[PDB]
file model_7.csv (CSV, C-alpha atoms)
chain,number,residue,atom,x,y,z
A,320,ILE,CA,99.4,117.6,75.2
A,321,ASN,CA,96.1,119.3,75.4
A,322,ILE,CA,95.0,121.9,78.0
A,323,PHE,CA,93.4,119.3,80.2
A,324,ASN,CA,96.0,116.5,79.8
A,325,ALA,CA,98.5,119.2,80.8
A,326,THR,CA,97.0,119.5,84.4
A,327,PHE,CA,95.4,116.1,84.9
A,328,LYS,CA,97.6,113.1,84.2
A,329,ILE,CA,95.5,110.0,84.3
A,330,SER,CA,97.6,106.8,84.5
A,331,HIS,CA,98.0,103.7,86.6
A,332,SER,CA,100.4,102.4,89.3
A,333,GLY,CA,100.3,98.7,90.0
A,334,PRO,CA,96.6,97.8,90.3
A,335,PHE,CA,95.5,101.4,91.0
A,336,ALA,CA,94.5,103.9,88.4
A,337,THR,CA,95.9,107.4,89.3
A,338,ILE,CA,95.3,111.0,88.7
A,339,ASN,CA,98.4,113.2,89.0
A,340,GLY,CA,100.0,110.4,91.0
A,341,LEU,CA,97.1,110.0,93.5
A,342,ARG,CA,95.8,106.4,93.6
A,343,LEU,CA,92.0,106.1,93.3
A,344,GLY,CA,91.3,102.8,95.0
A,345,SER,CA,92.7,100.6,97.7
A,346,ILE,CA,93.2,96.9,98.2
A,347,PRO,CA,94.0,94.8,101.4
A,348,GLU,CA,97.5,93.9,100.0
A,349,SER,CA,98.3,97.6,99.4
A,350,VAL,CA,96.1,99.9,101.5
A,351,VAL,CA,95.8,103.5,100.3
A,352,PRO,CA,94.9,106.1,102.9
A,353,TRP,CA,91.5,107.9,102.6
A,354,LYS,CA,93.3,111.2,102.5
A,355,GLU,CA,94.8,110.2,99.2
A,356,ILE,CA,91.6,108.7,97.9
A,357,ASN,CA,89.7,111.9,98.8
A,358,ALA,CA,92.3,114.2,97.3
A,359,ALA,CA,92.1,112.1,94.1
A,360,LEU,CA,88.3,112.4,94.1
A,361,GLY,CA,88.8,116.2,94.7
A,362,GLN,CA,91.0,116.4,91.6
A,363,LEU,CA,88.4,114.4,89.5
A,364,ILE,CA,85.6,116.8,90.5
A,365,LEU,CA,87.9,119.8,89.6
A,366,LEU,CA,88.7,118.1,86.3
A,367,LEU,CA,85.0,117.7,85.5
A,368,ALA,CA,84.2,121.3,86.5
A,369,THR,CA,87.1,122.4,84.3
A,370,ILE,CA,85.6,120.7,81.2
A,371,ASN,CA,82.2,122.2,81.9
A,372,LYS,CA,83.8,125.7,82.4
A,373,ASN,CA,85.8,125.6,79.2
A,374,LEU,CA,83.3,123.9,76.9
A,375,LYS,CA,80.4,126.0,78.3
A,376,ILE,CA,78.5,122.9,79.4
A,377,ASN,CA,75.4,123.7,81.4
A,378,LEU,CA,74.4,120.9,83.9
A,379,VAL,CA,70.8,121.6,84.8
A,380,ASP,CA,70.3,119.1,87.6
A,381,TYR,CA,73.9,119.1,88.9
A,382,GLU,CA,76.5,121.4,90.3
A,383,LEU,CA,80.1,120.4,90.8
A,384,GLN,CA,81.8,122.0,93.8
A,385,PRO,CA,85.6,121.3,93.9
A,386,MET,CA,86.7,121.7,97.5
A,387,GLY,CA,89.9,119.7,97.7
A,388,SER,CA,89.5,116.7,99.9
A,389,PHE,CA,85.9,117.8,100.8
A,390,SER,CA,84.6,118.2,97.3
A,391,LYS,CA,80.8,117.9,96.8
A,392,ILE,CA,78.1,117.5,94.1
A,393,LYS,CA,74.8,119.3,94.4
A,394,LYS,CA,72.0,117.1,92.9
A,395,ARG,CA,68.6,118.7,92.2
A,396,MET,CA,65.9,116.7,94.0
A,412,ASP,CA,65.9,122.1,96.6
A,413,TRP,CA,69.4,120.6,96.1
A,414,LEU,CA,70.9,117.6,97.8
A,415,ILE,CA,74.6,118.0,98.8
A,416,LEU,CA,76.6,114.8,98.4
A,417,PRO,CA,80.1,114.3,99.8
A,418,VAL,CA,82.6,113.1,97.3
A,419,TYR,CA,84.9,111.8,100.0
A,420,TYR,CA,84.9,109.3,102.9
A,421,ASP,CA,85.0,110.2,106.7
A,433,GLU,CA,73.7,102.9,101.0
A,434,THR,CA,76.2,105.6,102.2
A,435,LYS,CA,76.1,109.2,101.0
A,436,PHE,CA,79.6,108.5,99.6
A,437,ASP,CA,78.1,105.6,97.5
A,438,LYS,CA,75.5,108.0,96.1
A,439,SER,CA,78.2,110.6,95.2
A,440,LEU,CA,80.1,108.0,93.2
A,441,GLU,CA,77.0,106.8,91.3
A,442,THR,CA,76.0,110.5,90.7
A,443,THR,CA,79.5,111.1,89.4
A,444,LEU,CA,78.8,108.4,86.7
A,445,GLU,CA,75.5,110.2,85.9
A,446,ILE,CA,77.4,113.4,85.5
A,447,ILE,CA,80.0,111.9,83.3
A,448,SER,CA,77.2,110.5,81.1
A,449,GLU,CA,75.5,113.9,80.9
A,450,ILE,CA,78.7,115.7,80.0
A,451,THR,CA,79.3,113.1,77.3
A,452,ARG,CA,75.8,113.6,75.9
A,453,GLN,CA,76.2,117.4,75.7
A,454,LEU,CA,79.7,117.0,74.2
A,455,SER,CA,78.3,115.0,71.3
A,456,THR,CA,75.6,117.7,70.8
A,457,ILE,CA,78.3,120.4,70.7
A,458,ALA,CA,80.4,118.3,68.3
A,459,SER,CA,77.6,118.0,65.7
A,460,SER,CA,77.1,121.8,65.6
A,488,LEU,CA,81.7,111.0,71.0
A,489,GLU,CA,81.2,107.9,73.2
A,490,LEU,CA,83.0,106.5,76.1
A,491,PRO,CA,84.6,102.9,76.2
A,492,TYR,CA,82.8,101.6,79.3
A,493,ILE,CA,79.0,101.5,79.8
A,494,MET,CA,77.7,103.2,82.9
A,495,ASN,CA,74.3,102.0,84.2
A,496,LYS,CA,73.4,103.3,87.6
A,497,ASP,CA,76.1,102.4,90.1
A,498,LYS,CA,77.8,100.1,87.6
A,499,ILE,CA,80.6,100.9,85.1
A,500,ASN,CA,81.7,98.1,82.8
A,501,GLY,CA,79.8,95.7,85.1
A,502,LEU,CA,81.4,96.8,88.4
A,503,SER,CA,79.9,98.8,91.2
A,504,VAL,CA,81.4,102.1,92.4
A,505,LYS,CA,79.7,101.5,95.7
A,506,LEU,CA,81.3,99.7,98.7
A,507,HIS,CA,78.4,100.2,101.2
A,508,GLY,CA,80.4,101.6,104.0
A,509,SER,CA,82.9,98.7,103.8
A,510,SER,CA,86.6,99.2,103.0
A,511,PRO,CA,87.9,99.3,99.4
A,512,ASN,CA,88.5,96.0,97.6
A,513,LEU,CA,89.9,94.9,94.3
A,514,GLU,CA,86.5,95.2,92.6
A,515,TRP,CA,85.9,98.8,93.7
A,516,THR,CA,89.5,99.6,92.8
A,517,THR,CA,89.0,98.2,89.3
A,518,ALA,CA,85.7,100.0,89.0
A,519,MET,CA,87.5,103.3,89.8
A,520,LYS,CA,90.1,102.3,87.1
A,521,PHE,CA,87.3,102.0,84.5
A,522,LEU,CA,85.9,105.4,85.7
A,523,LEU,CA,89.1,107.3,85.2
A,524,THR,CA,89.6,105.6,81.8
A,525,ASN,CA,86.2,106.8,80.8
A,526,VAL,CA,87.2,110.3,82.1
A,527,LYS,CA,90.5,110.2,80.3
A,528,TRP,CA,88.6,109.7,77.0
A,529,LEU,CA,86.1,112.4,78.0
A,530,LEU,CA,89.1,114.7,78.5
A,531,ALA,CA,90.5,113.9,75.0
A,532,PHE,CA,87.1,114.6,73.3
A,533,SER,CA,86.7,117.9,75.3
A,534,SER,CA,90.1,118.9,74.0
A,535,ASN,CA,89.5,118.0,70.3
A,536,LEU,CA,86.4,120.1,70.4
A,537,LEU,CA,88.1,123.2,71.9
A,538,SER,CA,90.5,123.0,68.9
call {"tool": "encode", "arguments": {"input": "model_7.csv", "output": "structure tokens"}}
result
Amino acid sequence: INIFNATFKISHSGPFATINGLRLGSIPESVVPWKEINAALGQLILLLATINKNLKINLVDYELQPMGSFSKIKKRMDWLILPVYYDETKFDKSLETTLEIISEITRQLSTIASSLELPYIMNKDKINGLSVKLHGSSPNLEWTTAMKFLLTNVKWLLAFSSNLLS
């Protein structure tokens, strides 16, 4: 396993995609506590910052701030601090921005490679056609699946980042 795969195991349990065992999503049948969801998001943000740190990726308009269950993203607009956790909404904007960031890291990764593409398309708040936003409402199967697509995209991003470091 690579240096990233070693610390971040992205897999799936039942209908939930998981990162180091933490389920990123929640459905009425099997409710996942926000503490778990926020910790999962925290690990994702840390994972992304890890890739940027190691591959020397410079994000001009964004700044990742891993902070456990209260992780944040600073978006230049001076900067707007978005909460990548819960407890339309600022949370919704953090998730869409996470997609923007994944796209940007991917773009710079391909640049570095030349001197790389993810499986699911990300357009605004939608990944593979599903929205990462729940507008204040509680998680549903759609959002849970959208998150599954997001982590799959990240799992690939991870792989590429590792191949390059070789």
call {"tool": "closest_residue", "arguments": {"input": "model_7.csv", "among": "A:321, A:330, A:357, A:456", "to": "residue 537 of chain A", "atoms": "all atoms listed in the file"}}
result
A:321
call {"tool": "residues_around", "arguments": {"input": "model_7.csv", "residues": "segment 517-526 of chain A", "least_positions_apart": "2", "cutoff": "8 Å", "atoms": "only C-alpha atoms", "output": "list in words"}}
result
residues 329, 334, 335, 336, 337, 343, 344, 444, 447, 490, 491, 492, 499, 500, 502, 503, 504, 513, 514, 515, 528, 529 and 530 of chain A
call {"tool": "closest_residue", "arguments": {"input": "model_7.csv", "among": "A:396, A:493, A:322, A:418", "to": "residue 536 of chain A", "atoms": "only C-alpha atoms"}}
result
A:322
call {"tool": "closest_residue", "arguments": {"input": "model_7.csv", "among": "A:326, A:535, A:442, A:339", "to": "residue 395 of chain A", "atoms": "all atoms listed in the file"}}
result
A:442
call {"tool": "residues_around", "arguments": {"input": "model_7.csv", "residues": "segment 505-510 of chain A", "least_positions_apart": "4", "cutoff": "6 Å", "atoms": "all atoms listed in the file", "output": "PyMOL selection string"}}
result
chain A and resi 433-434+437
call {"tool": "write_last_selection", "arguments": {"input": "model_7.csv", "atoms": "C-alpha atoms", "output": "PDB file, in the frame of the given file"}}
result
ATOM      1  CA  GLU A 433      73.700 102.900 101.000  1.00  0.00           C
ATOM      2  CA  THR A 434      76.200 105.600 102.200  1.00  0.00           C
ATOM      3  CA  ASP A 437      78.100 105.600  97.500  1.00  0.00           C
TER       4      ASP A 437
END
call {"tool": "closest_residue", "arguments": {"input": "model_7.csv", "among": "A:366, A:345, A:371, A:376", "to": "residue 328 of chain A", "atoms": "all atoms listed in the file"}}
result
A:366
call {"tool": "closest_residue", "arguments": {"input": "model_7.csv", "among": "A:385, A:417, A:340, A:347", "to": "residue 512 of chain A", "atoms": "all atoms listed in the file"}}
result
A:347
